[PDB]
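Engineer: Sequence and experimental coordinates follow.
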Amino acid sequence: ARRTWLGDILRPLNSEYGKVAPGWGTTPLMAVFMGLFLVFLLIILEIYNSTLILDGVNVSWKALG
Amino acid sequence: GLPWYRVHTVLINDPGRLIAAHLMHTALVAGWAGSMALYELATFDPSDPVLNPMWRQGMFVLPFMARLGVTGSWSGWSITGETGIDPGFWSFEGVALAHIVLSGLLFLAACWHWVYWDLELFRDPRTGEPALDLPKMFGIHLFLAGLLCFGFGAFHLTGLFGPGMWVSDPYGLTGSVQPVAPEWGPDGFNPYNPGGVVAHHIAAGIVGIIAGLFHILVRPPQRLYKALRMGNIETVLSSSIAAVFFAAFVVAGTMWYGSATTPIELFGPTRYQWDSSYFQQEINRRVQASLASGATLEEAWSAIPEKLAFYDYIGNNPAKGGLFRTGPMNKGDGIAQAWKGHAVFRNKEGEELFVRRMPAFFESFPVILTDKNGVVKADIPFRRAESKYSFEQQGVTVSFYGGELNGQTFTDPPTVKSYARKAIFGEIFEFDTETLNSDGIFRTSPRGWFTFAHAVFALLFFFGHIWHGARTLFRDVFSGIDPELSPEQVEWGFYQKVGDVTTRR
Amino acid sequence: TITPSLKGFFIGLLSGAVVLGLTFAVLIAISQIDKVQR
Amino acid sequence: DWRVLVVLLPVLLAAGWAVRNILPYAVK
Amino acid sequence: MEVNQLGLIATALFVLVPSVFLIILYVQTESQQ
Amino acid sequence: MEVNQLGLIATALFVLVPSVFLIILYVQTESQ
Amino acid sequence: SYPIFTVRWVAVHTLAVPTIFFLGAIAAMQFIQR
Amino acid sequence: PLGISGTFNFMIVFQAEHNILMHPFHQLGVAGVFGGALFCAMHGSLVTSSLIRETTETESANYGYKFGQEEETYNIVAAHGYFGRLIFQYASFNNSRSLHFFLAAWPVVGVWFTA
Amino acid sequence: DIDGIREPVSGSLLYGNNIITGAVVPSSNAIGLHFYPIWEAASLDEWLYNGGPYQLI
Amino acid sequence: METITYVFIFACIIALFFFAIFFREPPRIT
Amino acid sequence: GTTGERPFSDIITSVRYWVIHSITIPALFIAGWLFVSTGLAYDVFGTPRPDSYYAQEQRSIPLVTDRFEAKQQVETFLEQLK
Amino acid sequence: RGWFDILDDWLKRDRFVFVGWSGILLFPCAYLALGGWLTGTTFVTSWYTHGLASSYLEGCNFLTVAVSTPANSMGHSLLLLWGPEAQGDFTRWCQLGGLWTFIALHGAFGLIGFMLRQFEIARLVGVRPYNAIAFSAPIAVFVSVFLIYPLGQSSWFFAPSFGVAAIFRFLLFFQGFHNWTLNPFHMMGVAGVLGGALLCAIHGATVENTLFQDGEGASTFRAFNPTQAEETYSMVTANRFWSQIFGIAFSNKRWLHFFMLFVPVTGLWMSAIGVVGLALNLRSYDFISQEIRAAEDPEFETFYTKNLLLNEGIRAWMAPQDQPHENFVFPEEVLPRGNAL
Amino acid sequence: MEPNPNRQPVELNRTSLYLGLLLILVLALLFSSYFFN
Ligand code: CLA
Ligand code: CLA
Ligand code: CLA
Ligand SMILES: C=Cc1c(C)c2cc3nc(c4c5[nH]c(cc6nc(cc1[nH]2)C(C)=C6CC)c(C)c5C(=O)[C@@H]4C(=O)OC)[C@@H](CCC(=O)OC/C=C(\C)CCC[C@H](C)CCC[C@H](C)CCCC(C)C)[C@@H]3C
Ligand SMILES: CC(C)=CCC/C(C)=C/CC/C(C)=C/CC/C(C)=C/CC/C(C)=C/CC/C(C)=C/CC/C(C)=C/CC/C(C)=C/CC/C(C)=C/CC1=CC(=O)C(C)=C(C)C1=O
Ligand SMILES: CCCCCCCCCCCCCCCC(=O)OC[C@H](COP(=O)(O)OC[C@@H](O)CO)OC(=O)CCCCCCCCCCCCCCC
Ligand SMILES: CC1=C(/C=C/C(C)=C/C=C/C(C)=C/C=C/C=C(C)/C=C/C=C(C)/C=C/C2=C(C)CCCC2(C)C)C(C)(C)CCC1
Ligand SMILES: CC1=C(/C=C/C(C)=C/C=C/C(C)=C/C=C/C=C(C)/C=C/C=C(C)/C=C/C2=C(C)CCCC2(C)C)C(C)(C)CCC1
Ligand SMILES: CCCCCCCCCCCCCCCCCC(=O)O
Ligand SMILES: [Fe+2]
C-alpha cells in the first residue's frame, strides 16, 4: 500500500485492532456509570414533565426573566 | 450482481473510499446550507421584525444563524431592526459563502481519497488486511467532541471569546444575542434557563474529554468486544443510528414545547401558548395595571405593543397548518400591516360580551359570544327560524380600543358580525393579501415544519437502527441458515439449554 | 427545598431498586440450584 | 375493614386445601 | 382551477428522476448478458 | 420578473431528456 | 417423575387464578339494581 | 360511488345510518383484514427467516430458488422451532398444508361476514 | 343529479376534479331501482344528467 | 394542465401493464 | 418433542387435580363475588355507586380541572354527596 | 463459569415457555399492561376524567368498557402513582386516569421486550431475524398513535382510550377533525393492510389448490411430512394458472414470501408517518383549488365538498360531550343541520 | 498502485424494472392531486 508522511505519523493510532482486555475488564464500572446516567435522565425528564418539582425551578418561559 | 439497494456495501472494507464518501456527504450537506441561506437572503424582507418577522416568511436557516450570533447583513440591516450596522465578515452572506467554500474544499478532498484509496495507514501491520481500530478511534473522536463541546460552551456561549446566543424576555419582545453566564445550580436543568445551556456544554465537554482519554487508553473487555462485534464497522452504524434518533426525538420535542434554545422570535409561538392564553393573560395584566392608575380605556389598550398583540392570534399558532399548504405563513392570512385594535362587544344592555376563541383542533368554529360568567348571550345562528341570540335581536356592537380603529364603534350588524368572525382568531390584524396572492388559509410555522420533519426522520431512523443492528448480530446467517442445521437442534427437549449443543440430554 | 415530589421520586427509585433487586436475587438463586448438566 | 377478610377467606382456605393435598408430592 | 404551478414540475420530476434511474440500471444489466 | 411559467419545465426537460438518453447509452457501453 | 411446580405452573396460575376471581366478580355484577 | 372521496362519503353516511362500527359482522371484517395482514407478515417473515443458505452476500437471496425446483427452499422445522418457542410449541404449525389453509380461510371467512 | 333534487354533483376531471375527488356519480334517486339503459333516455344529454353511466358500468 | 397530467400517468400505467404481461421475462424450469 | 413438563391432558383428567381445583376454583369465584357483593370493589377503586354520580338537584360532571389540586378536587366533589 | 453464565443457562433453558434475558423485561410488563386493562375495564370509572361510565361494575358491556385517557388538565403528566398528582393514593390514581399511563407505558416496554424476545430466540435457534424486523411495524403504529400523537396535542386526553367503542370514537374523531381518510399516508396504509389480507388469502388458496397427490385419502392434510424435502404443491402449475388468469404470476418462491413481509409492514409504517403529522394538526384536510372555486361558485359541488359538511357536523355535534373540559355551549340555533333532520 | 478490488457489478432484472416503474407511477398518481392542491 502507499506510505505517506501523515500516514506514518498517524500509524500508531490504528495499530491495535483486535486487542482486548481479558474477561469482563472494566464492565462493572461501566455499569455504575450507566445507572447513574439513567437516574440523571429521569430527573431531567421528570423536571421537564412537572412530575419532579424542585424549589426555585420555574419550568416556564417566565424563567427567562 | 449486487442489487440496487446494496451498491454502497462496496465501502465496508475500503476505509479510504469510505472516507471519500463521508467527505462527499459532508460537502453536499454544507453546500445545501450555503444554498439555502442565499435563497433565504434573496427572498427575506428585513423591514419589519414586529409584524413580518423571519418566522412568518418561511425562513428556516436564518433563525439558526441568528440563534448563535449571526444577526446582520452586509447590506446594512440586522434582524433586530438596527440599521447602519457593520457585521464585519460573519454576516449572513459571509456565513453562506464560508459553507460553499467549505463544500468545494471537501469535494476536492473526496476526489483525492477516492483515488489514493490504498493508504498504508488503513492496513493492519500484523496481517496486511485493511482494518480500523474502532475502539481507539472512538476515544480519539470522543476527545475531540469533548474539546469542541467544552470550547463552544466556555468561549462562544459565554462571550469570553464569541457572541453569545439569542436570549429574550418571557414574552418574546426584546430578544438579542447576549453572552450568557453558566447556571451551575439545579435550575440549570430548567429547559427554559439559558445559563444551563452554558453549564451543560462546559461540564459535558469535560466529561467528554475525560471519557475520550479513557477510551484511547483502555481496551474494551473481551466479553463486550465479542458481544457487540466490535471488529465489525456495522455495529458502529447500528449504535450511531440509535444515538441519532434519540437526538432527533429530543430536538423535535424541545422545538414543539419550547426551550431556551427555541426562542419564539426566531421560530414563532408554540401551540401551548394559545392553549393556555399565555400572551392574552399578560396583555390583560397590562391593561389592568393601566386602568388601575386610571388610564382611559383608549389609553390603556394603546399602550399594548403591537408585537405582543400579534402573538395573541391563532394565525401564528403552529398547530393551525396543513401538510400540503405550502410556503410562508404570509401566503395564507397575508402580510400583517397593522393591529386594528382590541375589539369589545356589548349588547343593547351595555353588558360586555366575549368571543369564544377557536381551539387548535377546529378548522371552523361557531361564533358564540358569552358574558363574564360564561353565559351565552349572542351568536351567529345557523338556522334562523328559531334564533334567540342573533346579533340583530341582541343589539350587539363592537368598539375598538388601541390600534388603527381606536375609539371607533360599529353598530350595523353585518359589520359587527364581520369583526366577531375574526375575533375567534384572537386579536384582529390588517393583512395584505394582494402582494403574495394569499389564499386565506392558515399555514404552519418553521416551528411546526421542523418538528414534523424531525419526528418523522427519528421514527424512520429507528428502523435503520433495527435493520443494521440485526445485520450485525446475525452477520453469519445474512445469506441464509445453515443447510446442515439438524432437526435435533430446533426440536424440543434434545438440549437442556436452547442452541447449546453441549447440554445434550 | 426537599419538596414532596422529590420525596416521591426517591420512593419510586427505591421501589424500583427493590423490585429489580428482589427479582434478581430470586433468579440468581434458582439458577444456582437447578443447573444444566454438561 | 371487615369485607377484606370476608373476601380473602375463600382464597386462604383454597390455598390451604391445595397445600394439604399436594404437600407429600411437593417434598419429593 | 387555481392549482399550484410548481405542482407540474414536481410531478414531472417525481416521475422522471426515479424512472430514469431504474431504466439505466436495467439496460446496462442486459448488455452484460 | 414576469416570466413564463412553462419556461422552467421546458428548460428542465430540455436538459433532462436528452442528457438521460446519453447516460443510458454510455453506461451500458461500459458494462459490456 | 414429573415436577409439580414449574415455570409453566406459575405462568398458568398467574393467568388462571385472577381470571376466575374476576369471573365471580362480574357474575355478582349482573344482580346490581340501580 | 366509483371514486376515492365518493367511497369515503358512502362509508361516513353508512355509519350514521347503520352504526356499522357497532355491528359484529363488520368487527369480524376488521379481524379478518387485520388478521390476514398479520398472518401475511408472519408467514412471509417466518419463511424468509428460514431460507437455506444458497447464495453469497453479494447476491440477492432470491437467486437461491430456481423456478420449479423439486426441494423446498426453506427449513420449516427451523421455522416451527423458532415460532413454537416464541409462543409455545403447539401454537405453531408444522403441517404446511394446514398452515396455508389457515392462511386462506381466516381472511376469506372474515370478509364473507363483512360482506 | 345523484339525489334527485336537481343538484348535480361534479365527478369528472374536466369539470374541476382531481384523481382523489373524482368519481362516476351514482344514478338519480328519481330513478330509484328502475332500469335506465341508454335507449330509455330521450337523449345522451338526459342520460348523462341522470347518471346513466354508473348503472351501465 | 393537471388533467393532462393525471391522464398521462394513467396511460403510462396501462402501457406498462401491456409490456409486463406480453414482454415479461419468461419463467423457465430448473 | 417435549421439555419434561407434565402433559396438560394428563393433569386435567387426573383425580388429584380435580380434588384440589373443585375447591380452589369455586372459592376464587366466591371470593370475587364477595368483592362486589360487599361493596368493597366500589371503595378500593373509587367507582361511583348508582346513587353517587350526581348530587340530587345537580347535573354537572365533577370533572377534574387542575393538575396538582386534582386529588383535592375529587375529594371536594365527594363531600358534596355526603 | 460465574453467576452471569449460570443465570444465562437458567434463562435459556428449553421449557414449555421460553424465558430468556428478554423475558425479564417482557413478562412483567406484558402481564401488567394486560392486568391493568382487565382491572380498569371491570372496576374503574371515567366519571371524573371524561364524564363516562366505563366498567362492567357500572353497567357497561364488552363493547363500551374502556380504560380511558386522563383529564386534559393532566397535560402529559407521567401520572406515576407516587407523583405529585395522586400522591400515592391508589384510589385517586385510578380516578384521575393513572391506569392509562400505566398500561400504555408498560405496553411500550412490553413491546420492546417482545421484539427482543424475537431477536433472542432467533439467535439461539439459528435463523434470520426477519420476524423481529416485521414486528417493527406494530411498534411504529403503537408509539405513533398512543405516544407521539397525544404528545403533539394538549394532553394524553386526546390519545385513544383502551376500549372497543372508545377506539371507534377515535376513528370518528379523526374523520371530522383531521379528515384522515383524505390523507395519502393512511391510504397507503389501507392498501398495505388490504394488500396483506389479499396476499394472505390468495397464497393460502393457491397452495391448497395446487397440492400434489401425496396420499390416498380425501383429507389432503395427512399427506404432508414436516421433514420431507419436496415442495408439497406445484409452483409450476400455480405459475401457469395465474399467468393465464391474471396475466402475471409469481415465479420465485423467495420473492413471494418476502413480498408477503414487505407489503403489510410497509403499509403500517406509512400510516404511522401520517399520524405523526396529525400530532401537529398537519392534516391533509383541504384541496385549495376546490375551496377557491367552491367559494366563488355556489353550483360547484364534489364528493369532497360533501364530505366536509359531514365533518363539520361531526365536530359541532360531538365536541361538547367529547371535550367536556372546554365547556362548549352550542345553542340549538348554531348547530349545522340540513333541512328537516 | 493496484486497481481497486472492491468494485462489483450492479444488476436490475426486468421484473424489478416493471415493479419499480409501477411503484413510481402509482405513487405519482397518488401524490399529484396533493402537489397541485
Ligand atoms: C428538515 C428539512 C427542512 C425543513 C423542515 C424545511 C422547512 C421549510 N422550508 Mg425548506 N428545504 C429543504 C429542507 C427543509 N425545509 C431542502 C432540503 C430544500 C432543498 C430541496 C429546501 C428548499 C426550500 C425552498 C426552495 C423553500 C423552502 C421553504 C420552506 C418552508 C415551507 C415548507 C413547506 O411548505 O413544505 C411543504 C412540505 C411538503 C409538501 C411535504 C413534502 C413531503 C412529501 C409529502 C413526501 C414525498 C413522498 C414520498 C416519496 C412518500 C413515499 C415513501 C414510501 C414509498 C416509502 C419551511 C419553513 C419555502 C419557504 O417558505 O421559503 C422561504 C421555499 O420556498 N425550502
Ligand atoms: C447514516 C445512516 C446510514 C448509513 C450510512 C446506511 C448505510 C447502508 N445501509 Mg442503512 N438505513 C438507514 C441509515 C443508514 N444506512 C436508515 C435510517 C434506514 C431505515 C430507512 C436504513 C435501512 C436500510 C435497509 C433496509 C438496507 C440498508 C442498507 C444499507 C447499506 C447499503 C445502502 C445502499 O446501497 O443504498 C442504496 C440506495 C440507493 C441506491 C438509493 C436509495 C434512495 C432512497 C430510497 C431515497 C432517496 C434518498 C435521498 C436522495 C437522500 C436522503 C435525504 C435524507 C435522508 C437526508 C449501507 C451500508 C442495505 C443493506 O444492508 O445492504 C446489505 C439494506 O438492505 N439500510
Ligand atoms: C422490569 C419491569 C418493569 C418495568 C420496566 C417497569 C416500568 C415502569 N413502571 Mg412498573 N412495576 C413492575 C415492573 C416494572 N415496571 C412490577 C414488578 C410492579 C409490581 C410492584 C410494578 C408496578 C408499578 C406501578 C404501581 C407503577 C409502575 C410504574 C412504572 C413506570 C415508572 C417507573 C419508574 O419511575 O421507575 C423509577 C425507578 C427505577 C427505574 C429503578 C432504578 C433502579 C436503579 C438502577 C437502582 C438505584 C439504587 C437505589 C435507588 C439506591 C438505594 C440506596 C439505599 C441504601 C437507601 C415505568 C413504565 C408507574 C407507572 O406506570 O406510572 C403510571 C407506577 O405507578 N410500576
Ligand atoms: C388490532 C390489531 C392487531 C393485534 C391485536 C395484534 C396482535 C399481535 N400481533 C403479534 C405479532 C405480530 N404482529 C405482526 C404484524 C401485524 N400485526 C398487526 C395487527 C395486530 N396485531 C398488523 C396489521 C400487522 C401487519 C404488519 C407481526 C409480524 C407479529 C409477530 O411476530 C407477533 C406474533 O407472535 O404474531 C403471532 C402478537 C404480539 C403479542 C405480544 O407482543 O405479546 C406481548 C404482549 C404485550 C407486550 C402487551 C401489549 C400491550 C399493548 C401494546 C397495550 C395494551 C393493550 C390492552 C391489553 C388491550 C386493550 C385493547 C382495547 C383497545 C380493546 C399479537 C398477537
Ligand atoms: C403487589 C404485587 C407485587 C403484585 C403481583 C404482580 C406481579 C409480581 C406480576 C409479575 C408476574 C410475572 C413476573 C410474570 C410471568 C407471568 C406470565 C406468564 C405473564 C403473562 C404473559 C403474557 C401476558 C403473555 C401475552 C399472551 C399472548 C400475547 C399470547 C397470545 C397467543 C396467540 C393467540 C397468538 C396467535 C397464535 C397463532 C395461531 C398465530 C398464527 C400466526 C401464523 C398463521 C403464522 C404463520 C406461520 C406459523 C408457523 O407456525 C409456521 C411454522 C409458519 C411457517 C408460518 O408461516
Ligand atoms: C389457531 C391455532 C390452531 C393451531 C393448532 C396446532 C398447530 C399444530 C401444532 C403442532 C404439533 C401438533 C400437536 C397438536 C395438538 C395440540 O394443539 O395440543 C394442545 C396442547 C396439548 O398439550 P399436552 O402435552 O397437554 O397434550 C398431550 C397430547 O399428546 C394429547 O394428544 O395443549 C396446550 O398446549 C395447552 C396450552 C394452554 C396454555 C395455557 C397458557 C400458558 C400461558 C403461556 C403464556 C403465553 C406465552 C407468552 C409468550 C409471550
Ligand atoms: C469546487 C470548488 C469550489 C466551488 C464550490 C461549489 C460551487 C459548491 C456548490 C455546492 C452546493 C451548491 C451544494 C448544494 C447541495 C444541494 C443538495 C445537497 C440538496 C439537497 C436536497 C435534498 C436531499 C432534497 C430532498 C427532498 C426533496 C427533494 C423533496 C422534499 C423531501 C426532501 C427534503 C427529502 C470552490 C470555489 C469553493 C473552491 C474550489 C473548489
Ligand atoms: C393493575 C394493577 C396491578 C396489577 C393487577 C393485575 C396484574 C391484574 C390482573 C387481572 C387479570 C389477570 C384478570 C383477568 C380476568 C379475566 C376475565 C374476566 C376473562 C374473561 C373471559 C371470558 C369472558 C371468556 C369467555 C369466552 C367467551 C365469552 C366466548 C368464547 C369462549 C370464551 C371461553 C373465550 C398491580 C397489582 C401491579 C398494582 C397496580 C395496579
Ligand atoms: C424498571 C423498574 C421499575 C419498577 C418499579 C415499580 C415500583 C413498584 C411500585 C411501588 C409503589 C409503592 C409506593 C406507591 C406510593 C406510596 C405512597 C407514597 O408516595 O408515600
Ligand atoms: Fe407459503
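Structural biologist: Everything's here; your move. Numbers count the residues shown, from 1 in each chain, chains lettered A, B, ... in the order given. Ligands and ions are numbered 1, 2, ... in the order given.

Engineer: Give me the most central residue, chain E.
Structural biologist: Nearest to the centroid of the C-alpha atoms of chain E, with distances taken as CA atoms, centre = their mean, sits residue E:16, at 1.7 Å.

Engineer: who touches residue 22 in this structure?
Structural biologist: I went with chain A, as the question did not name one. B:221-222 (CB atoms under 8 Å, 6 or more residues apart in numbering or on different chains). C-beta: built from backbone N, CA, C; applies to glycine.

Engineer: actually chain E
Structural biologist: M:12, M:16-17, M:20-21, M:24.

Engineer: Tell me the residue of the stretch 1-150 of chain B that sits nearest ligand 6?
Structural biologist: Ligand 6 sits closest to residue B:5 of the stretch 1-150 of chain B, with a gap of 32.6 Å, by CB to the nearest ligand atom.

Engineer: Which strands and helices lie in contact with the helix or strand that contains residue B:469?
Structural biologist: In this assignment (DSSP states H and E), residue B:469 forms part of helix B:446-473. Counting contacts by 3 or more CB pairs under 8 Å, 6 or more residues apart in numbering or on different chains; DSSP states H and E, helix B:446-473 packs against helix B:233-257, helix B:264-267, helix L:98-125, helix L:130-134, helix L:136-142, helix L:253-279.

Engineer: between those helices, which one is nearest to ligand 8?
Structural biologist: helix L:98-125 (6.5 Å).

Engineer: Would you indicate which residues of that closest one are buried?
Structural biologist: The neighbour-count check on helix L:98-125 (16 or more other CB atoms under 10 Å in any protein chain shown) flags L:98-111, L:113-125 as buried.

Engineer: Establish whether that helix and ligand 3 are in contact.
Structural biologist: Yes. If you take CB under 6 Å from any ligand atom as the test, helix L:98-125 does meet ligand 3, through L:98, L:101-102, L:105-106, L:109.

Engineer: count of residues packed around the residue of the stretch 1-150 of chain B closest to ligand 6?
Structural biologist: 8 (other CB atoms under 10 Å in any protein chain shown).

Engineer: Confirm it sits in a helix?
Structural biologist: Yes. Looking at residue B:5 with DSSP: H, G, I helix; E, B strand; the rest coil, it is inside a helix.

Engineer: What's the separation between it and residue E:25?
Structural biologist: Separation of residue B:5 from residue E:25 (CB to CB, to the nearest Å): 11 Å.

Engineer: Any figure for the gap between the residue of chain G found nearest chain J and chain H?
Structural biologist: Distances between chain G and chain J by CB to the nearest CB are smallest at residue G:8, namely 47.0 Å. Going from residue G:8 to chain H by CB to the nearest CB, to the nearest Å gives 9 Å.

Engineer: who's in contact with that residue?
Structural biologist: K:5, L:15-17.

Engineer: The residues you listed: which two are farthest apart?
Structural biologist: Distance extremes for these: the farthest pair is K:5 and L:17 at 9.4 Å, using CB to CB.

Engineer: can you list the residues of chain I near ligand 1?
Structural biologist: Counting by CB under 6 Å from any ligand atom, chain I has no residue next to ligand 1.

Engineer: in chain I, which residue is closest to the centre?
Structural biologist: By CA atoms, centre = their mean, the most central residue of chain I is residue I:51, 1.9 Å off.

Engineer: Assess the claim that it and residue I:2 are in contact.
Structural biologist: Yes. Using CB atoms under 8 Å, residue I:51 is in contact with residue I:2, at 6.3 Å.

Engineer: shared neighbours of these two, anything?
Structural biologist: I:25-28.

Engineer: remind me, longest helix of chain A?
Structural biologist: helix A:27-48 (DSSP state H).

Engineer: in it, what's buried?
Structural biologist: Quick answer for helix A:27-48 (16+ other CB under 10 Å): A:27, A:42-43, A:46-48.

Engineer: returning to what we had before: over to the residue nearest to the residue nearest to the centre of chain I when sequence neighbours are not counted. Which of the three states is it?
Structural biologist: Spatial nearest neighbour of residue I:51, chain neighbours left out: residue I:27 (3.2 Å); criterion: CB to CB, 6 or more residues apart in numbering or on different chains. On the three-state scheme (three-state DSSP), residue I:27 is labelled coil.

Engineer: Could you count how many residues lie near residue I:27?
Structural biologist: Using other CB under 10 Å: residue I:27 sits among 22 other residues.

Engineer: One more: residue L:136?
Structural biologist: 21.

Engineer: give the contact list for it.
Structural biologist: B:462-463, B:466, L:115, L:265, L:269.

Engineer: From residue B:371, how far out is residue B:348?
Structural biologist: Counting by CB to CB, the gap from residue B:348 to residue B:371 is 14 Å.

Engineer: Which one's more surrounded, the two?
Structural biologist: Using other CB under 10 Å as the criterion, residue B:348 and residue B:371 rank with residue B:371 on top: 15 against 10.

Engineer: Which secondary structure state does the residue positioned nearest the centre of chain H sit in?
Structural biologist: The residue lying closest to the centre of chain H (CA atoms, centre = their mean) is residue H:40, at 2.1 Å. At residue H:40 the chain is in helix, as set by three-state DSSP.

Engineer: Run through the residues that contact it.
Structural biologist: H:103, L:196-197, L:199-200, L:203, L:260, L:263-264.

Engineer: Which two among those residues are spaced furthest apart?
Structural biologist: H:103 and L:263 (14.1 Å).

Engineer: Those two: who's more crowded?
Structural biologist: residue H:103 (27 against 23).

Engineer: is it true that the more buried one touches residue L:198?
Structural biologist: No. Applying CB under 8 Å, one finds residue H:103 not in contact with residue L:198, separated by 11.6 Å.

Engineer: Pull up the overlap in contacts between those two.
Structural biologist: With CB under 8 Å, 6+ apart, residue H:103 and residue L:198 have common neighbours residue H:36.

Engineer: Chain I: helices as residue ranges?
Structural biologist: I:44-50, I:52-56.

Engineer: right, I mislabeled it, should have said chain M
Structural biologist: M:14-36.

Engineer: If anything else comes up later, I'll come back, but that's it for now.
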